[PDB]
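Below is one structure, written out as structure tokens; comments come after it.
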Amino acid sequence: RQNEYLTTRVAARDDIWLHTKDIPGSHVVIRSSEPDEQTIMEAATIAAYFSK
RNA sequence: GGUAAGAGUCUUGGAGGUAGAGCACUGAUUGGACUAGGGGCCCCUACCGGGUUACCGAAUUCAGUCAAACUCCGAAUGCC
């Protein structure tokens, strides 16, 4: 219920959206125009921590 | 006591909105064009807008209804 609202209302364009491959997990979005490689790594670790 | 006014009928002139009719007002309404505005869905909304709505209906309009506290009208009888 938070995820559909976050994906369709909150985040604008060119926001990197992250999810675990073929495993259910939290939906993680970075609200910046350009994501730094370190930012992508950190958000991927957060998405992996909040996963199965 | 006044006295012959009283009453009925023919003729004439009036006031007063009932029966009936009608939307010319006040409401309630049914259908079609007309669509102010609101409803989902795609481009997009971090937000302005666009499309389709076999989607509702405040306006307005062609029609169709209704009304003791609606009347543009309007009797028969009663009344003076």
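Here, A, B, ... name the chains of the structure tokens in the order displayed, residue numbers run from 1 inside each chain, and ligands are numbered from 1 in the same displayed order.
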
Next on the checklist: I need the contact residues of chain B against chain A, so if you could list those with any atom within 12 Å, counting only C-alpha atoms (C1' of nucleotides), and return them as number ranges by chain, that would help.
Outcome noted: B: 44-47

For the residues selected in the previous step, produce a file with N, CA and C atoms (P, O5', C5', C4', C3', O3' and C1' of nucleotides) as a PDB file, in the first residue's frame.
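As written to disk, out_33.pdb reads:
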```pdb
ATOM      1  P     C B  44       4.935  10.167 -20.890  1.00  0.00           P
ATOM      2  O5'   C B  44       4.732  11.734 -20.688  1.00  0.00           O
ATOM      3  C5'   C B  44       4.978  12.343 -19.429  1.00  0.00           C
ATOM      4  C4'   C B  44       3.842  13.249 -19.028  1.00  0.00           C
ATOM      5  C3'   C B  44       3.758  13.597 -17.551  1.00  0.00           C
ATOM      6  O3'   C B  44       4.637  14.642 -17.170  1.00  0.00           O
ATOM      7  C1'   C B  44       1.616  12.969 -18.343  1.00  0.00           C
ATOM      8  P     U B  45       5.659  14.439 -15.945  1.00  0.00           P
ATOM      9  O5'   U B  45       4.717  14.263 -14.670  1.00  0.00           O
ATOM     10  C5'   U B  45       3.839  15.303 -14.250  1.00  0.00           C
ATOM     11  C4'   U B  45       3.211  14.993 -12.914  1.00  0.00           C
ATOM     12  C3'   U B  45       2.654  13.577 -12.769  1.00  0.00           C
ATOM     13  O3'   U B  45       2.811  13.145 -11.418  1.00  0.00           O
ATOM     14  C1'   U B  45       0.914  15.141 -12.460  1.00  0.00           C
ATOM     15  P     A B  46       4.239  12.632 -10.887  1.00  0.00           P
ATOM     16  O5'   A B  46       4.865  13.911 -10.171  1.00  0.00           O
ATOM     17  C5'   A B  46       5.302  13.849  -8.821  1.00  0.00           C
ATOM     18  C4'   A B  46       5.788  15.187  -8.329  1.00  0.00           C
ATOM     19  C3'   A B  46       4.958  16.395  -8.736  1.00  0.00           C
ATOM     20  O3'   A B  46       3.816  16.579  -7.919  1.00  0.00           O
ATOM     21  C1'   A B  46       7.252  16.850  -9.096  1.00  0.00           C
ATOM     22  P     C B  47       2.342  16.466  -8.549  1.00  0.00           P
ATOM     23  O5'   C B  47       2.220  17.748  -9.487  1.00  0.00           O
ATOM     24  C5'   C B  47       2.093  19.052  -8.929  1.00  0.00           C
ATOM     25  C4'   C B  47       1.387  20.009  -9.862  1.00  0.00           C
ATOM     26  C3'   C B  47       0.186  19.430 -10.617  1.00  0.00           C
ATOM     27  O3'   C B  47      -1.015  20.248 -10.563  1.00  0.00           O
ATOM     28  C1'   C B  47       1.793  20.289 -12.164  1.00  0.00           C
TER      29        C B  47
END
```

Checklist entry - In chain A, what's helix (DSSP H, G or I) per DSSP? Answer as a PyMOL selection string? => result chain A and resi 2-10+37-49

Got time to write the residues from that selection, C-alpha atoms, as a compact mmCIF listing (two decimals), in the first residue's frame?
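Heads up, here's the output in again.txt:
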```
# COMPACT_ATOMS: atom_id res chain seq x y z
CA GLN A 2 2.99 2.28 0.59
CA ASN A 3 4.78 0.83 -2.45
CA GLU A 4 2.10 1.58 -5.06
CA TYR A 5 1.71 5.12 -3.68
CA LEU A 6 5.50 5.61 -3.73
CA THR A 7 5.82 4.33 -7.30
CA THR A 8 2.89 6.27 -8.78
CA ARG A 9 2.79 9.52 -6.77
CA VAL A 10 6.01 10.37 -4.94
CA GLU A 37 27.81 4.68 -7.95
CA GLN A 38 28.27 4.67 -4.12
CA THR A 39 24.60 5.77 -3.70
CA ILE A 40 23.49 2.88 -5.95
CA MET A 41 25.64 0.46 -3.92
CA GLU A 42 24.22 1.76 -0.62
CA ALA A 43 20.60 1.59 -1.80
CA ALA A 44 21.23 -1.91 -3.14
CA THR A 45 22.55 -2.96 0.28
CA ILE A 46 19.44 -1.44 1.91
CA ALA A 47 17.19 -3.29 -0.56
CA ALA A 48 19.08 -6.54 0.09
CA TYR A 49 18.77 -6.05 3.87
```

Item to check | Which of A:51, A:14, A:19, A:1 sits closest to residue A:33 [using only C-alpha atoms] | outcome: A:14

Checklist entry - chain A: which residues are strand (DSSP E or B) by DSSP, as JSON, numbers by chain? => result {"A": [16, 17, 18, 25, 28, 29, 30, 51]}

Item to check | Shell of 9 Å around stretch 23-27 of chain B, only C-alpha atoms (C1' of nucleotides), local chain residues under 4 positions omitted, as a ChimeraX atom specification | outcome: /B:67,70-72

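Using only C-alpha atoms (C1' of nucleotides), the shortest contact distance between residue B:61 and any of B:1, B:22, B:8, B:32 is found at B:32.
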
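Taking only C-alpha atoms (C1' of nucleotides) into account, residue B:37 lies nearest to B:58 out of the set B:58, B:4, B:15, B:75.
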